[PDB]
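All remarks here apply to the structure that follows.
4 protein chains.
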Amino acid sequence: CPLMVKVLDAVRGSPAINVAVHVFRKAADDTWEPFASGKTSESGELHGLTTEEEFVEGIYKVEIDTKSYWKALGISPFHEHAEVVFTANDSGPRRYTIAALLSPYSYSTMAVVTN
Amino acid sequence: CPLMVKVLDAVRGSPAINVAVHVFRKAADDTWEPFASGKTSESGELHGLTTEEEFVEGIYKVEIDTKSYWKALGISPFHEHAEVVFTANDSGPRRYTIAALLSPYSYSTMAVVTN
Amino acid sequence: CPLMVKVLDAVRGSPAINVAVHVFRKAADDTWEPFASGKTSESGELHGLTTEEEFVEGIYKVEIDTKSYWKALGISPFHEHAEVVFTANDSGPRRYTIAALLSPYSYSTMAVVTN
Amino acid sequence: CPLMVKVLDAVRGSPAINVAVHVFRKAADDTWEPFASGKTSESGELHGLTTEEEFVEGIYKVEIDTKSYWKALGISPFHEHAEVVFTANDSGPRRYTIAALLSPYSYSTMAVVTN
Numbered sequence: 010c011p012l013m014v015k016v017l018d019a020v021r022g023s024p025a026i027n028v029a030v031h032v033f034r035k036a037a038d039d040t041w042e043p044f045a046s047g048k049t050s051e052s053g054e055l056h057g058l059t060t061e062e063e064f065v066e067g068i069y070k071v072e073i074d075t076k077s078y079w080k081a082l083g084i085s086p087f088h089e090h091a092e093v094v095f096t097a098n099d100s101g102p103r104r105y106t107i108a109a110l111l112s113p114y115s116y117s118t119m120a121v122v123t124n
Numbered sequence: 010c011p012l013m014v015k016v017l018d019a020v021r022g023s024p025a026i027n028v029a030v031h032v033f034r035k036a037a038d039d040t041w042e043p044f045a046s047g048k049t050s051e052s053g054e055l056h057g058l059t060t061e062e063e064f065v066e067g068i069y070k071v072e073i074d075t076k077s078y079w080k081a082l083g084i085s086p087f088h089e090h091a092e093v094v095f096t097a098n099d100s101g102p103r104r105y106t107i108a109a110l111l112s113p114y115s116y117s118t119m120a121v122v123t124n
Numbered sequence: 010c011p012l013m014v015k016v017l018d019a020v021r022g023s024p025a026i027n028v029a030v031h032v033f034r035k036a037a038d039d040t041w042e043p044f045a046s047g048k049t050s051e052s053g054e055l056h057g058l059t060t061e062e063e064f065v066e067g068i069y070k071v072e073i074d075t076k077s078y079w080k081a082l083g084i085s086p087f088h089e090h091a092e093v094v095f096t097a098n099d100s101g102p103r104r105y106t107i108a109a110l111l112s113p114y115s116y117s118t119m120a121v122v123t124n
Numbered sequence: 010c011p012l013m014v015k016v017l018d019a020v021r022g023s024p025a026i027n028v029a030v031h032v033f034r035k036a037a038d039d040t041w042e043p044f045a046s047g048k049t050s051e052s053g054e055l056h057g058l059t060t061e062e063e064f065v066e067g068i069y070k071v072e073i074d075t076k077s078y079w080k081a082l083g084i085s086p087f088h089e090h091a092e093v094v095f096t097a098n099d100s101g102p103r104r105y106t107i108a109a110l111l112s113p114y115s116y117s118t119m120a121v122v123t124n
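Protein chains in written order, with the entry's author numbering: chain B, 10 to 124; chain A, 10 to 124; chain A', 10 to 124; chain B', 10 to 124. A prime marks a further copy of an entry chain.
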């Protein structure tokens with residue numbers, strides 16, 4: 010599992026559950042093609058998005074549907090969604106954890122790259 | 010100014026200077042049209058991107074070119090850029106301050122919305 | 010003003026108003042002595058805490074009373090308060106801006122230091 | 010394990026390893042008494058600080074020695090240390106994860122409270 014996502018709720022101090030996540034890879038038209046997707050689990054995590062063999066070097070976009078999450082809670086949010094765009098390269102470490110901490114008018118995102 | 014951007018560097022404890030910023034607006038055809046662009050000043054601020062008359066209801070994307078910023082400092086960062094996507098002015102005109110706090114593997118973004 | 014504090018509310022997308030702030034300085038005896046205190050304005054800012062003459066080299070503690078702020082809004086937050094502890098002016102006088110971004114279960118603090 | 014700590018490095022995009030952590034409980038003199046301590050593991054975590062039986066309701070302080078961590082990396086940091094102060098109460102959930110994301114001039118902290 011080379012790519013994991015974790016999403017936390019800073020209003021309730023809990024994992025962000027059932028949040029939809031879409032992952033795209035940059036195509037050589039400079040166009041985003043769907044790559045993987047899923048919903049966060051009860052621990053706010055999503056793994057199993059891809060495998061080592063298919064996760065090749067390239068530019069990836071992780072899109073988190075934060076607006077639906079806040080509306081589900083009856084909170085009016087600012088952002089349409091949160092996005093994380095990055096390059097994956099085989100030289101450096103090989104396991105990627107993308108974390109996102111959500112508030113109605115702010116978000117923070119962090120990447121942990123190990124091995 | 011109805012739209013302002015402020016960018017800070019959490020490694021040096023300073024404003025992030027000469028960071029390129031591009032703003033887009035979602036068009037009729039669901040395409041991102043270029044709306045305004047600029048570079049942050051010595052105070053890490055960008056104003057004067059638009060006027061209240063031109064800044065109509067719509068969905069906007071503020072893209073902050075963080076990778077060029079870190080690479081010019083000698084650091085290879087995780088993200089390609091930081092993006093903020095939001096609906097603006099749908100309940101009447103407002104003023105928006107978009108702030109971003111940057112680190113090589115993390116960033117935080119906050120919006121302040123005033124009437 | 011050599012020491013300023015700015016506090017923002019990430020749930021409402023606004024400055025955090027009337028937040029109490031207390032500043033302490035570590036004394037000879039390794040005790041925290043009260044140094045200055047105040048409340049943030051309608052812009053979420055506090056200035057006028059000290060002068061360059063009084064703001065000598067030392068270790069300072071800025072304590073932001075976040076719990077009272079959230080409780081007055083109807084929310085029971087995680088933290089008792091946010092604290093920032095730092096050495097100031099040890100290489101000559103500087104100006105410090107301490108910013109805090111607040112959510113009920115999370116906060117971020119940033120310092121901007123200028124010569 | 011009712012209390013876990015996790016510390017991440019936003020400059021290197023990795024766990025913060027070998028960081029010292031001290032935990033204090035508020036005594037009825039309004040004095041902080043040592044409660045537990047340890048160093049973060051290679052995954053940036055510290056568990057086993059206390060047990061369900063000893064972790065009773067009270068006010069706790071988690072102190073992370075961030076200044077030594079940055080100096081070990083040859084980076085000049087702003088803060089003397091990072092502190093998290095909170096009340097534990099038996100009504101609500103019972104498992105506490107305190108996370109801290111570290112930059113030289115900024116830190117963010119989040120609490121996840123489950124069950």
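Think of the CB as a built atom: it goes at the ideal place given N, C-alpha and C, for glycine as much as any other residue.
In this structure, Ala45/A' and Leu58/A' form a Cβ contact; the two beta carbons are roughly 4 Å apart against a cut-off of 8 Å. Look at the segment 80-94 of chain A': the residues with a C-beta under 8 Å from a C-beta of chain B' are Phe87, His88, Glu89, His90, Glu92, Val93, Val94.
CA-to-CA, the gap between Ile107/A' and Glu66/B' works out to about 32 Å. Put simply, the CB of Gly22/B' is near chain B, with a gap under 9 Å to one of its CB atoms. A direct Cα-to-Cα measurement between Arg103/A and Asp18/B gives close to 27 Å. A Cβ of chain A' is located within less than 9 Å of the beta carbon of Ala19/B. At least one CB of chain B' lies nearer than 9 Å to the CB of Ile68/A'. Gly22/B and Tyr114/A' do touch by the CB rule: their CB atoms are close to 3 Å apart, below 8 Å. Taking the beta carbon of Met13/B' as reference, no residue of chain B falls within 9 Å; the closest one sits roughly 14 Å away. The residue among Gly83/A', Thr49/A', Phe33/A', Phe95/A' with its C-alpha nearest the C-alpha of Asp74/B' is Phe95/A'. Under the three-state reduction of DSSP output, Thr96/A' falls in the strand class.
Annotation for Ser115/A': the continuous beta strand (DSSP E) segment containing it runs 115-123. Taking a Cβ-Cβ threshold of 9 Å, the residues of chain A' close to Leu110/A are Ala108, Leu110, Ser117, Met119, in chain order. Taking 9 Å as the CB threshold, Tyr114/A' lines the interface with chain B. The CB of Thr96/B comes closer than 7 Å to the CB of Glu89 in chain A, given here in chain order.
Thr75/B sits in a helix when the DSSP states are folded into three classes.
The beta carbon of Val71/A sits no closer than 9 Å to any beta carbon of chain A'. Around the beta carbon of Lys80/A, fewer than 16 other beta carbons lie within 10 angstroms, which makes this residue exposed.
Take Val14/B, set aside five residues on each side of it, and the residues of its chain with a beta-carbon closer than 6 Å to its own are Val30, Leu55, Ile107, in chain order.
Residues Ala108 of the same chain have their beta carbon placed closer than 7 Å to that of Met119/B', with the five preceding and five following residues left out of the count. Across the structure, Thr40/A and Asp99/A are spaced so that their CA atoms are roughly 19 Å apart. Apart from sequence neighbours up to five positions away, the residues of its chain that approach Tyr116/B with a beta-carbon distance below 8 Å are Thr75, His88, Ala91, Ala109, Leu110, ordered along the chain. Here the alpha carbons of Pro86/A and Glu62/B' stand approximately 44 Å from one another.
With fewer than 16 other Cβ atoms from the protein chains shown falling within 10 Å of its own Cβ, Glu42/A counts as exposed.
Interface residue (Cβ-Cβ distance to chain A less than 9 Å): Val65/B is not classified as such.
Of the candidates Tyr105/A', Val71/A', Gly83/A', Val71/A' places its Cα closest to the Cα of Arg34/A'. Residues of chain A with a Cβ closer than 8 Å to the Cβ of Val122/A' are, in chain order, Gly22, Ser23.
Excluding five sequence positions before and after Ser112/A', the CB atoms of its chain that fall closer than 7 Å to its own CB belong to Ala19, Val20, given in chain order. Burial is judged here by how many other beta carbons sit within 10 angstroms of a residue's own beta carbon; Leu82/A' has fewer than 16 and is exposed. Across the structure, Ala25/A and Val32/A are spaced so that their CA atoms are roughly 18 Å apart.
The C-beta distance from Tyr105/B' to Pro11/B' rounds to 6 Å, short enough to fall under 8 Å.
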